[PDB]
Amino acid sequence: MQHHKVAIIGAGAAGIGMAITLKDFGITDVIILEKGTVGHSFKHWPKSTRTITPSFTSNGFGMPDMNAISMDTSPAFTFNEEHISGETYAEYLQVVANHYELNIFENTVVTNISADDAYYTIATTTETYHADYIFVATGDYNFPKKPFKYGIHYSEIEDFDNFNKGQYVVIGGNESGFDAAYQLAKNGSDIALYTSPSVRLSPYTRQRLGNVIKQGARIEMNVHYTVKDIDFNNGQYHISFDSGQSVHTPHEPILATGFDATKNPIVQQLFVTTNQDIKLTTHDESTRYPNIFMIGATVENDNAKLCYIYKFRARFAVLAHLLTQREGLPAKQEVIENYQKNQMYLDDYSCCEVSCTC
């Protein structure tokens, strides 16, 4: 019934962060609608997965803990950990949501959003809600890319310890693929990795991988290979490539293949989704519906992929301000200045240009 100012779809990193930022800009009539519980995606990381980005409570001197979604919070503070488990990060989001008294509705699958006269109407599996501004914060963890007949996606592994010691193949040479190799190899398995790469790799994964290898771990990498299909016959898996002889392997291959936000129905209803790409204005706004915005790790602008918390969280306050100006309210320059001083006001993508001189 209520004519809410804001509805945020999804109570993940981006939705919780955005709700806190909106509060700082004086916007409190905000509901968050979540299909599972706060931090759903993080709770479904494999058990051993840790953030590659390290948490340190540098919050006082100009940059908040890189994994924090608000200026005054820090997983390193709450948990005394540097590399955070998904389970711990879910709890971080719960601790922060409880503290800032966010109005969140769990176990509510948003099914349809449409325009009415005075607001947007939000159909869910629970009840209907209404709001002026919508922040689509739905991510993509539930839409992993599974292009072949077989293969276990990284996102569907509960615990790499459940795999018996043996011979495994990993497809995708990225952060998750090398993590998969490292998790399996640390338990004594032999891994073959096929990739479309160690040069793009974060220090955390690079050092962990290098240490098990330096200690004799058997991890091999084949570097100019693209998988055509995976089939199962004659008691084993057969990986066929575009250019190259097929390969056979005893256990199901692990796919570190990525995800696709355009597969989300809500994204399809609210944005132009031309080609696995979500079209947004320079203010992260839908080009179809006004006052509908996209937030989180799925925001790409080909001036920045925004896939890290420390990147996508810098947009929150830029949108909160825009919202206050469209509402005819004065600019909250005390607040805008805190965000700017703490690296959380990315208003110009021209200066996201990341490159070191040596």
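From 1 onward, residues are counted along the sequence shown.
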query	finding
Deposited-sequence gap flanked by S196 and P197	10 or more
Per the entry, higher mean C-alpha B factor between 297 to 305 and 65 to 73	297 to 305
Segment of higher mean CA temperature factor, 108 to 116 or 222 to 230	222 to 230
Peak C-alpha temperature factor (PDB record), options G177, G235, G86, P203	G235
Selection by C-alpha B-factor (highest) of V136, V170, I239, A90	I239
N59 by Cα B-factor - lowest, middle or highest third of the modelled chain	middle
Third of chain Cα B-factors occupied by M344	middle
Chain third (lowest, middle, highest) by recorded CA B-factor, residue given as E82	lowest
Chain third (lowest, middle, highest) by recorded CA B-factor, residue given as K279	highest
Lowest, middle or highest third - CA B-factor, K145	middle
